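Student: I'm passing along coords_21.pdb; it holds PDB, C-alpha atoms.
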```
ATOM      1  CA  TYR A  11      46.565 -19.212 -14.122  1.00  0.00           C
ATOM      2  CA  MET A  12      45.851 -20.368 -10.562  1.00  0.00           C
ATOM      3  CA  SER A  13      47.238 -17.080  -9.243  1.00  0.00           C
ATOM      4  CA  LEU A  14      44.766 -15.412 -11.604  1.00  0.00           C
ATOM      5  CA  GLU A  15      41.807 -17.579 -10.618  1.00  0.00           C
ATOM      6  CA  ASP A  16      42.562 -17.106  -6.914  1.00  0.00           C
ATOM      7  CA  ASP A  17      42.726 -13.353  -7.416  1.00  0.00           C
ATOM      8  CA  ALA A  18      39.574 -13.256  -9.532  1.00  0.00           C
ATOM      9  CA  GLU A  19      37.619 -15.150  -6.870  1.00  0.00           C
ATOM     10  CA  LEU A  20      38.955 -12.840  -4.157  1.00  0.00           C
ATOM     11  CA  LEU A  21      37.651  -9.789  -6.057  1.00  0.00           C
ATOM     12  CA  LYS A  22      34.344 -11.507  -6.824  1.00  0.00           C
ATOM     13  CA  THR A  23      33.768 -12.242  -3.144  1.00  0.00           C
ATOM     14  CA  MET A  24      34.568  -8.634  -2.179  1.00  0.00           C
ATOM     15  CA  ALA A  25      32.463  -7.141  -5.006  1.00  0.00           C
ATOM     16  CA  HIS A  26      29.403  -6.055  -2.984  1.00  0.00           C
ATOM     17  CA  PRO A  27      28.847  -2.680  -1.283  1.00  0.00           C
ATOM     18  CA  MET A  28      28.077  -3.983   2.205  1.00  0.00           C
ATOM     19  CA  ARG A  29      30.883  -6.524   1.997  1.00  0.00           C
ATOM     20  CA  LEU A  30      33.346  -3.732   1.283  1.00  0.00           C
ATOM     21  CA  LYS A  31      31.890  -1.845   4.225  1.00  0.00           C
ATOM     22  CA  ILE A  32      32.396  -4.935   6.391  1.00  0.00           C
ATOM     23  CA  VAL A  33      35.974  -5.386   5.148  1.00  0.00           C
ATOM     24  CA  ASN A  34      36.758  -1.708   5.764  1.00  0.00           C
ATOM     25  CA  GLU A  35      35.461  -1.960   9.347  1.00  0.00           C
ATOM     26  CA  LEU A  36      37.562  -5.074   9.953  1.00  0.00           C
ATOM     27  CA  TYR A  37      40.544  -3.194   8.539  1.00  0.00           C
ATOM     28  CA  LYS A  38      39.891  -0.299  10.922  1.00  0.00           C
ATOM     29  CA  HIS A  39      39.319  -2.558  13.938  1.00  0.00           C
ATOM     30  CA  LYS A  40      41.495  -5.587  13.129  1.00  0.00           C
ATOM     31  CA  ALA A  41      38.887  -8.026  14.513  1.00  0.00           C
ATOM     32  CA  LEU A  42      35.166  -7.709  15.323  1.00  0.00           C
ATOM     33  CA  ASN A  43      32.487 -10.124  16.474  1.00  0.00           C
ATOM     34  CA  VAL A  44      29.126 -10.328  14.735  1.00  0.00           C
ATOM     35  CA  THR A  45      27.378  -8.221  17.374  1.00  0.00           C
ATOM     36  CA  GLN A  46      29.904  -5.418  16.954  1.00  0.00           C
ATOM     37  CA  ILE A  47      29.697  -5.567  13.157  1.00  0.00           C
ATOM     38  CA  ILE A  48      25.885  -5.395  13.294  1.00  0.00           C
ATOM     39  CA  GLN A  49      26.054  -2.435  15.687  1.00  0.00           C
ATOM     40  CA  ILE A  50      28.344  -0.421  13.418  1.00  0.00           C
ATOM     41  CA  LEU A  51      26.509  -1.228  10.177  1.00  0.00           C
ATOM     42  CA  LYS A  52      22.982  -0.882  11.579  1.00  0.00           C
ATOM     43  CA  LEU A  53      21.662  -3.664   9.351  1.00  0.00           C
ATOM     44  CA  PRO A  54      19.439  -6.715   9.893  1.00  0.00           C
ATOM     45  CA  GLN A  55      21.204  -9.474  11.820  1.00  0.00           C
ATOM     46  CA  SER A  56      20.526 -11.930   8.988  1.00  0.00           C
ATOM     47  CA  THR A  57      21.971  -9.575   6.362  1.00  0.00           C
ATOM     48  CA  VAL A  58      25.283  -9.365   8.204  1.00  0.00           C
ATOM     49  CA  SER A  59      25.401 -13.117   8.904  1.00  0.00           C
ATOM     50  CA  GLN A  60      24.769 -13.931   5.234  1.00  0.00           C
ATOM     51  CA  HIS A  61      27.596 -11.627   4.109  1.00  0.00           C
ATOM     52  CA  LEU A  62      30.022 -12.957   6.713  1.00  0.00           C
ATOM     53  CA  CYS A  63      29.222 -16.527   5.716  1.00  0.00           C
ATOM     54  CA  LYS A  64      29.974 -15.926   2.020  1.00  0.00           C
ATOM     55  CA  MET A  65      33.215 -14.086   2.867  1.00  0.00           C
ATOM     56  CA  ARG A  66      34.552 -16.685   5.319  1.00  0.00           C
ATOM     57  CA  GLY A  67      37.470 -18.636   3.907  1.00  0.00           C
ATOM     58  CA  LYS A  68      38.960 -16.652   1.049  1.00  0.00           C
ATOM     59  CA  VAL A  69      38.372 -13.111   2.329  1.00  0.00           C
ATOM     60  CA  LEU A  70      37.875 -13.411   6.085  1.00  0.00           C
ATOM     61  CA  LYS A  71      39.088 -15.734   8.792  1.00  0.00           C
ATOM     62  CA  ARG A  72      36.927 -16.783  11.709  1.00  0.00           C
ATOM     63  CA  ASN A  73      38.238 -17.109  15.271  1.00  0.00           C
ATOM     64  CA  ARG A  74      36.402 -18.216  18.391  1.00  0.00           C
ATOM     65  CA  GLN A  75      36.991 -16.475  21.714  1.00  0.00           C
ATOM     66  CA  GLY A  76      34.741 -17.757  24.471  1.00  0.00           C
ATOM     67  CA  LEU A  77      31.233 -17.647  23.031  1.00  0.00           C
ATOM     68  CA  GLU A  78      31.972 -14.777  20.666  1.00  0.00           C
ATOM     69  CA  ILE A  79      33.059 -15.337  17.071  1.00  0.00           C
ATOM     70  CA  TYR A  80      35.614 -12.842  15.771  1.00  0.00           C
ATOM     71  CA  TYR A  81      36.198 -12.040  12.116  1.00  0.00           C
ATOM     72  CA  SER A  82      39.364 -10.599  10.637  1.00  0.00           C
ATOM     73  CA  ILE A  83      40.907 -10.186   7.195  1.00  0.00           C
ATOM     74  CA  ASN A  84      42.449 -13.451   5.989  1.00  0.00           C
ATOM     75  CA  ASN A  85      44.694 -12.274   3.139  1.00  0.00           C
ATOM     76  CA  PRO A  86      47.200  -9.391   2.750  1.00  0.00           C
ATOM     77  CA  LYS A  87      45.760  -8.706  -0.720  1.00  0.00           C
ATOM     78  CA  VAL A  88      42.358  -7.902   0.810  1.00  0.00           C
ATOM     79  CA  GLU A  89      43.859  -5.349   3.166  1.00  0.00           C
ATOM     80  CA  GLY A  90      45.895  -3.763   0.389  1.00  0.00           C
ATOM     81  CA  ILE A  91      42.801  -3.442  -1.814  1.00  0.00           C
ATOM     82  CA  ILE A  92      40.610  -1.980   0.932  1.00  0.00           C
ATOM     83  CA  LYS A  93      43.279   0.646   1.719  1.00  0.00           C
ATOM     84  CA  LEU A  94      43.513   1.627  -1.951  1.00  0.00           C
ATOM     85  CA  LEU A  95      39.730   2.015  -2.190  1.00  0.00           C
ATOM     86  CA  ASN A  96      39.253   4.216   0.885  1.00  0.00           C
TER      87      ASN A  96
ATOM     88  CA  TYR B  11      35.104  10.695  -6.722  1.00  0.00           C
ATOM     89  CA  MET B  12      33.739   7.158  -6.600  1.00  0.00           C
ATOM     90  CA  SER B  13      31.023   5.731  -4.387  1.00  0.00           C
ATOM     91  CA  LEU B  14      30.961   2.500  -2.420  1.00  0.00           C
ATOM     92  CA  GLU B  15      28.866   1.079  -5.263  1.00  0.00           C
ATOM     93  CA  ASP B  16      31.400   2.251  -7.874  1.00  0.00           C
ATOM     94  CA  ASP B  17      34.182   0.516  -5.941  1.00  0.00           C
ATOM     95  CA  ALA B  18      32.166  -2.723  -5.662  1.00  0.00           C
ATOM     96  CA  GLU B  19      31.289  -2.558  -9.369  1.00  0.00           C
ATOM     97  CA  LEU B  20      34.976  -1.977 -10.227  1.00  0.00           C
ATOM     98  CA  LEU B  21      36.010  -5.150  -8.417  1.00  0.00           C
ATOM     99  CA  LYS B  22      33.123  -7.074  -9.990  1.00  0.00           C
ATOM    100  CA  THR B  23      34.168  -5.994 -13.494  1.00  0.00           C
ATOM    101  CA  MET B  24      37.791  -7.068 -12.871  1.00  0.00           C
ATOM    102  CA  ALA B  25      36.765 -10.351 -11.193  1.00  0.00           C
ATOM    103  CA  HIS B  26      37.595 -12.649 -14.136  1.00  0.00           C
ATOM    104  CA  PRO B  27      40.959 -14.395 -14.804  1.00  0.00           C
ATOM    105  CA  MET B  28      41.333 -13.228 -18.403  1.00  0.00           C
ATOM    106  CA  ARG B  29      40.240  -9.713 -17.483  1.00  0.00           C
ATOM    107  CA  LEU B  30      42.955  -9.549 -14.845  1.00  0.00           C
ATOM    108  CA  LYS B  31      45.384 -10.761 -17.530  1.00  0.00           C
ATOM    109  CA  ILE B  32      44.276  -7.968 -19.851  1.00  0.00           C
ATOM    110  CA  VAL B  33      44.750  -5.341 -17.143  1.00  0.00           C
ATOM    111  CA  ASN B  34      48.175  -6.732 -16.227  1.00  0.00           C
ATOM    112  CA  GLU B  35      49.230  -6.591 -19.895  1.00  0.00           C
ATOM    113  CA  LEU B  36      48.069  -2.983 -20.269  1.00  0.00           C
ATOM    114  CA  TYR B  37      49.946  -2.173 -17.079  1.00  0.00           C
ATOM    115  CA  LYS B  38      53.114  -3.600 -18.632  1.00  0.00           C
ATOM    116  CA  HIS B  39      52.662  -2.348 -22.212  1.00  0.00           C
ATOM    117  CA  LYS B  40      50.667   0.835 -21.474  1.00  0.00           C
ATOM    118  CA  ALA B  41      48.800   0.751 -24.793  1.00  0.00           C
ATOM    119  CA  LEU B  42      47.422  -2.199 -26.756  1.00  0.00           C
ATOM    120  CA  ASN B  43      44.940  -2.648 -29.587  1.00  0.00           C
ATOM    121  CA  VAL B  44      42.591  -5.629 -29.858  1.00  0.00           C
ATOM    122  CA  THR B  45      44.889  -7.596 -32.165  1.00  0.00           C
ATOM    123  CA  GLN B  46      47.840  -7.238 -29.776  1.00  0.00           C
ATOM    124  CA  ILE B  47      45.580  -8.395 -26.942  1.00  0.00           C
ATOM    125  CA  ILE B  48      44.197 -11.359 -28.878  1.00  0.00           C
ATOM    126  CA  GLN B  49      47.742 -12.452 -29.736  1.00  0.00           C
ATOM    127  CA  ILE B  50      48.985 -12.021 -26.152  1.00  0.00           C
ATOM    128  CA  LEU B  51      46.084 -13.895 -24.547  1.00  0.00           C
ATOM    129  CA  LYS B  52      45.732 -16.505 -27.305  1.00  0.00           C
ATOM    130  CA  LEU B  53      41.944 -16.290 -27.091  1.00  0.00           C
ATOM    131  CA  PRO B  54      39.174 -15.986 -29.710  1.00  0.00           C
ATOM    132  CA  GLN B  55      38.511 -12.429 -30.903  1.00  0.00           C
ATOM    133  CA  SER B  56      34.908 -12.927 -29.807  1.00  0.00           C
ATOM    134  CA  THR B  57      35.914 -13.672 -26.218  1.00  0.00           C
ATOM    135  CA  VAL B  58      38.424 -10.810 -26.048  1.00  0.00           C
ATOM    136  CA  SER B  59      36.001  -8.285 -27.540  1.00  0.00           C
ATOM    137  CA  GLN B  60      33.345  -9.189 -24.973  1.00  0.00           C
ATOM    138  CA  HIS B  61      35.755  -8.685 -22.077  1.00  0.00           C
ATOM    139  CA  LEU B  62      36.879  -5.336 -23.498  1.00  0.00           C
ATOM    140  CA  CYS B  63      33.254  -4.315 -23.992  1.00  0.00           C
ATOM    141  CA  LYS B  64      32.411  -5.078 -20.357  1.00  0.00           C
ATOM    142  CA  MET B  65      35.578  -3.333 -19.096  1.00  0.00           C
ATOM    143  CA  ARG B  66      35.456  -0.182 -21.230  1.00  0.00           C
ATOM    144  CA  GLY B  67      34.437   2.888 -19.263  1.00  0.00           C
ATOM    145  CA  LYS B  68      34.788   1.251 -15.863  1.00  0.00           C
ATOM    146  CA  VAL B  69      38.162  -0.469 -15.805  1.00  0.00           C
ATOM    147  CA  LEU B  70      39.739   0.453 -19.144  1.00  0.00           C
ATOM    148  CA  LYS B  71      39.917   3.521 -21.358  1.00  0.00           C
ATOM    149  CA  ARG B  72      39.310   3.244 -25.098  1.00  0.00           C
ATOM    150  CA  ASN B  73      41.511   5.533 -27.211  1.00  0.00           C
ATOM    151  CA  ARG B  74      41.559   6.458 -30.881  1.00  0.00           C
ATOM    152  CA  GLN B  75      44.594   7.553 -32.917  1.00  0.00           C
ATOM    153  CA  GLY B  76      43.961   7.726 -36.635  1.00  0.00           C
ATOM    154  CA  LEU B  77      42.706   4.321 -37.729  1.00  0.00           C
ATOM    155  CA  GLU B  78      43.847   2.693 -34.492  1.00  0.00           C
ATOM    156  CA  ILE B  79      41.723   2.002 -31.433  1.00  0.00           C
ATOM    157  CA  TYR B  80      43.832   1.050 -28.412  1.00  0.00           C
ATOM    158  CA  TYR B  81      43.217   0.499 -24.720  1.00  0.00           C
ATOM    159  CA  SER B  82      44.911   1.901 -21.659  1.00  0.00           C
ATOM    160  CA  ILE B  83      44.479   2.197 -17.900  1.00  0.00           C
ATOM    161  CA  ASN B  84      43.604   5.706 -16.726  1.00  0.00           C
ATOM    162  CA  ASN B  85      41.917   4.862 -13.399  1.00  0.00           C
ATOM    163  CA  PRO B  86      44.426   5.075 -10.505  1.00  0.00           C
ATOM    164  CA  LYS B  87      42.510   2.448  -8.524  1.00  0.00           C
ATOM    165  CA  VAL B  88      42.789  -0.103 -11.334  1.00  0.00           C
ATOM    166  CA  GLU B  89      46.544   0.385 -11.650  1.00  0.00           C
ATOM    167  CA  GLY B  90      46.905   0.232  -7.883  1.00  0.00           C
ATOM    168  CA  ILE B  91      44.977  -3.035  -7.666  1.00  0.00           C
ATOM    169  CA  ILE B  92      46.750  -4.807 -10.492  1.00  0.00           C
ATOM    170  CA  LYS B  93      50.131  -3.957  -8.955  1.00  0.00           C
ATOM    171  CA  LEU B  94      49.063  -5.334  -5.569  1.00  0.00           C
ATOM    172  CA  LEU B  95      47.867  -8.537  -7.208  1.00  0.00           C
ATOM    173  CA  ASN B  96      51.172  -9.419  -8.866  1.00  0.00           C
TER     174      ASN B  96
END
```
Can you present the structure in this file as structure tokens?
Tutor:
Amino acid sequence: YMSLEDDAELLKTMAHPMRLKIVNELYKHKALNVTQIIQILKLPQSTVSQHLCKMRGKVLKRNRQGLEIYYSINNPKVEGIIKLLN
Amino acid sequence: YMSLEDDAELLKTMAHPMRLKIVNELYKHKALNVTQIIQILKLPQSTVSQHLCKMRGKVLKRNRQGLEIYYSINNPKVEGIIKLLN
């Protein structure tokens, strides 16, 4: 059941159009900082930050390089799903 | 062809433990009626029917053969995702 709950929560977290767009970009670029993500998506800074915040942990991993914060996919399942969808 | 919104909505519809169980079972048995599903999941008919109702047309296909109504997976993305999740 835990494998099912984990998986259900993963899908739930990814289940938003702009979040899938963010995950796809991270899949295409491996790792991106918030500024880069904003640039590509052309969305309000706060919109991107809100999405990244909700995704951090189960879908994305956060890494700090200097003063920049880099996001990348934190689970092989996420990458597999994004590939299947695009 | 499916849009970004269709993909997000697909994940949202599958984002429930028992729904993932249902999809996995259909993946393994190919065709199952409500009674077979209720007996496999060991859940109330009310609960199972609601999940099937929400999934029909987006995640699952409803089929009729004589007096029997059975479900199957006809969306490639759904099959692809359930395989990746196991």
Student: For the provided coordinates, the residues matched by the PyMOL selection byres ((chain A) within 12 of (chain B)) should be stated as a ChimeraX atom specification.
Tutor: /A:11-34,85-96
Student: Pair the Cα atoms of chain B and chain A in order, fit the first onto the second, and let me know the RMSD in Å.
Tutor: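 RMSD over all C-alpha atoms: 1.5 Å.
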Student: Quick check, in Å to one decimal: how far apart do CA of residue 54 (chain B) and CA of residue 75 (chain B) lie?
Tutor: 24.4 Å
Student: Measure the distance from CA of residue 36 (chain A) to CA of residue 68 (chain B) in Å and round it to one decimal.
Tutor: 26.7 Å
Student: Take the PyMOL selection byres ((chain B and resi 80) around 6), apply it to the structure above, and return the hits as a ChimeraX atom specification.
Tutor: /B:42-43,73,79,81
Student: Rebuild N, CA, C and O atoms on region 23-48 of chain B, as a PDB file, in the frame of the given file?
Tutor:
```
ATOM      1  N   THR B  23      33.776  -6.031 -12.092  1.00  0.00           N
ATOM      2  CA  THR B  23      34.168  -5.994 -13.494  1.00  0.00           C
ATOM      3  C   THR B  23      35.547  -6.605 -13.738  1.00  0.00           C
ATOM      4  O   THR B  23      35.799  -7.163 -14.804  1.00  0.00           O
ATOM      5  N   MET B  24      36.440  -6.499 -12.758  1.00  0.00           N
ATOM      6  CA  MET B  24      37.791  -7.068 -12.871  1.00  0.00           C
ATOM      7  C   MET B  24      37.855  -8.521 -12.388  1.00  0.00           C
ATOM      8  O   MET B  24      38.865  -9.197 -12.588  1.00  0.00           O
ATOM      9  N   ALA B  25      36.785  -9.001 -11.762  1.00  0.00           N
ATOM     10  CA  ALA B  25      36.765 -10.351 -11.193  1.00  0.00           C
ATOM     11  C   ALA B  25      36.675 -11.546 -12.145  1.00  0.00           C
ATOM     12  O   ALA B  25      35.851 -12.437 -11.953  1.00  0.00           O
ATOM     13  N   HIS B  26      37.546 -11.574 -13.147  1.00  0.00           N
ATOM     14  CA  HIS B  26      37.595 -12.649 -14.136  1.00  0.00           C
ATOM     15  C   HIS B  26      39.069 -12.835 -14.496  1.00  0.00           C
ATOM     16  O   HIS B  26      39.763 -11.864 -14.788  1.00  0.00           O
ATOM     17  N   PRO B  27      39.562 -14.082 -14.485  1.00  0.00           N
ATOM     18  CA  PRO B  27      40.959 -14.395 -14.804  1.00  0.00           C
ATOM     19  C   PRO B  27      41.532 -13.701 -16.041  1.00  0.00           C
ATOM     20  O   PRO B  27      42.580 -13.060 -15.976  1.00  0.00           O
ATOM     21  N   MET B  28      40.848 -13.834 -17.169  1.00  0.00           N
ATOM     22  CA  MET B  28      41.333 -13.228 -18.403  1.00  0.00           C
ATOM     23  C   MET B  28      41.259 -11.705 -18.373  1.00  0.00           C
ATOM     24  O   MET B  28      42.040 -11.027 -19.041  1.00  0.00           O
ATOM     25  N   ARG B  29      40.328 -11.158 -17.594  1.00  0.00           N
ATOM     26  CA  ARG B  29      40.240  -9.713 -17.483  1.00  0.00           C
ATOM     27  C   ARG B  29      41.420  -9.214 -16.661  1.00  0.00           C
ATOM     28  O   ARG B  29      41.983  -8.158 -16.945  1.00  0.00           O
ATOM     29  N   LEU B  30      41.806  -9.968 -15.638  1.00  0.00           N
ATOM     30  CA  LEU B  30      42.955  -9.549 -14.845  1.00  0.00           C
ATOM     31  C   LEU B  30      44.205  -9.628 -15.729  1.00  0.00           C
ATOM     32  O   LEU B  30      45.103  -8.801 -15.611  1.00  0.00           O
ATOM     33  N   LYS B  31      44.253 -10.618 -16.616  1.00  0.00           N
ATOM     34  CA  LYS B  31      45.384 -10.761 -17.530  1.00  0.00           C
ATOM     35  C   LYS B  31      45.467  -9.538 -18.432  1.00  0.00           C
ATOM     36  O   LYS B  31      46.543  -8.993 -18.652  1.00  0.00           O
ATOM     37  N   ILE B  32      44.325  -9.130 -18.971  1.00  0.00           N
ATOM     38  CA  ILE B  32      44.276  -7.968 -19.851  1.00  0.00           C
ATOM     39  C   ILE B  32      44.791  -6.732 -19.118  1.00  0.00           C
ATOM     40  O   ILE B  32      45.631  -5.999 -19.638  1.00  0.00           O
ATOM     41  N   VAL B  33      44.300  -6.502 -17.905  1.00  0.00           N
ATOM     42  CA  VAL B  33      44.750  -5.341 -17.143  1.00  0.00           C
ATOM     43  C   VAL B  33      46.251  -5.401 -16.872  1.00  0.00           C
ATOM     44  O   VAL B  33      46.954  -4.391 -16.993  1.00  0.00           O
ATOM     45  N   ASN B  34      46.745  -6.575 -16.495  1.00  0.00           N
ATOM     46  CA  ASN B  34      48.175  -6.732 -16.227  1.00  0.00           C
ATOM     47  C   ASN B  34      48.988  -6.377 -17.484  1.00  0.00           C
ATOM     48  O   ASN B  34      49.997  -5.677 -17.412  1.00  0.00           O
ATOM     49  N   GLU B  35      48.538  -6.865 -18.636  1.00  0.00           N
ATOM     50  CA  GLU B  35      49.230  -6.591 -19.895  1.00  0.00           C
ATOM     51  C   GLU B  35      49.255  -5.099 -20.227  1.00  0.00           C
ATOM     52  O   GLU B  35      50.270  -4.578 -20.697  1.00  0.00           O
ATOM     53  N   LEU B  36      48.138  -4.413 -20.001  1.00  0.00           N
ATOM     54  CA  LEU B  36      48.069  -2.983 -20.269  1.00  0.00           C
ATOM     55  C   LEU B  36      48.953  -2.227 -19.288  1.00  0.00           C
ATOM     56  O   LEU B  36      49.485  -1.168 -19.602  1.00  0.00           O
ATOM     57  N   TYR B  37      49.106  -2.783 -18.093  1.00  0.00           N
ATOM     58  CA  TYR B  37      49.946  -2.173 -17.079  1.00  0.00           C
ATOM     59  C   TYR B  37      51.400  -2.248 -17.546  1.00  0.00           C
ATOM     60  O   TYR B  37      52.168  -1.298 -17.387  1.00  0.00           O
ATOM     61  N   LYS B  38      51.758  -3.377 -18.143  1.00  0.00           N
ATOM     62  CA  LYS B  38      53.114  -3.600 -18.632  1.00  0.00           C
ATOM     63  C   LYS B  38      53.422  -2.926 -19.969  1.00  0.00           C
ATOM     64  O   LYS B  38      54.516  -2.395 -20.157  1.00  0.00           O
ATOM     65  N   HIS B  39      52.461  -2.937 -20.891  1.00  0.00           N
ATOM     66  CA  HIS B  39      52.662  -2.348 -22.212  1.00  0.00           C
ATOM     67  C   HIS B  39      52.058  -0.961 -22.429  1.00  0.00           C
ATOM     68  O   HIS B  39      52.270  -0.344 -23.482  1.00  0.00           O
ATOM     69  N   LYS B  40      51.298  -0.487 -21.443  1.00  0.00           N
ATOM     70  CA  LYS B  40      50.667   0.835 -21.474  1.00  0.00           C
ATOM     71  C   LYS B  40      49.578   1.062 -22.520  1.00  0.00           C
ATOM     72  O   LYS B  40      48.563   1.697 -22.235  1.00  0.00           O
ATOM     73  N   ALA B  41      49.787   0.566 -23.732  1.00  0.00           N
ATOM     74  CA  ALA B  41      48.800   0.751 -24.793  1.00  0.00           C
ATOM     75  C   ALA B  41      48.768  -0.471 -25.687  1.00  0.00           C
ATOM     76  O   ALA B  41      49.811  -0.914 -26.165  1.00  0.00           O
ATOM     77  N   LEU B  42      47.573  -1.010 -25.919  1.00  0.00           N
ATOM     78  CA  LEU B  42      47.422  -2.199 -26.756  1.00  0.00           C
ATOM     79  C   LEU B  42      46.107  -2.200 -27.528  1.00  0.00           C
ATOM     80  O   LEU B  42      45.054  -1.861 -26.976  1.00  0.00           O
ATOM     81  N   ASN B  43      46.164  -2.573 -28.804  1.00  0.00           N
ATOM     82  CA  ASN B  43      44.940  -2.648 -29.587  1.00  0.00           C
ATOM     83  C   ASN B  43      44.414  -4.073 -29.443  1.00  0.00           C
ATOM     84  O   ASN B  43      45.081  -4.931 -28.854  1.00  0.00           O
ATOM     85  N   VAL B  44      43.215  -4.317 -29.958  1.00  0.00           N
ATOM     86  CA  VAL B  44      42.591  -5.629 -29.858  1.00  0.00           C
ATOM     87  C   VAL B  44      43.451  -6.770 -30.399  1.00  0.00           C
ATOM     88  O   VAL B  44      43.570  -7.825 -29.763  1.00  0.00           O
ATOM     89  N   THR B  45      44.064  -6.560 -31.559  1.00  0.00           N
ATOM     90  CA  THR B  45      44.889  -7.596 -32.165  1.00  0.00           C
ATOM     91  C   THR B  45      46.077  -7.978 -31.283  1.00  0.00           C
ATOM     92  O   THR B  45      46.410  -9.154 -31.165  1.00  0.00           O
ATOM     93  N   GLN B  46      46.713  -6.983 -30.667  1.00  0.00           N
ATOM     94  CA  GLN B  46      47.840  -7.238 -29.776  1.00  0.00           C
ATOM     95  C   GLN B  46      47.364  -8.023 -28.555  1.00  0.00           C
ATOM     96  O   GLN B  46      48.077  -8.881 -28.037  1.00  0.00           O
ATOM     97  N   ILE B  47      46.155  -7.720 -28.099  1.00  0.00           N
ATOM     98  CA  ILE B  47      45.580  -8.395 -26.942  1.00  0.00           C
ATOM     99  C   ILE B  47      45.209  -9.835 -27.287  1.00  0.00           C
ATOM    100  O   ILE B  47      45.478 -10.758 -26.524  1.00  0.00           O
ATOM    101  N   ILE B  48      44.580 -10.022 -28.441  1.00  0.00           N
ATOM    102  CA  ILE B  48      44.197 -11.359 -28.878  1.00  0.00           C
ATOM    103  C   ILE B  48      45.435 -12.243 -29.007  1.00  0.00           C
ATOM    104  O   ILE B  48      45.421 -13.403 -28.598  1.00  0.00           O
TER     105      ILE B  48
END
```
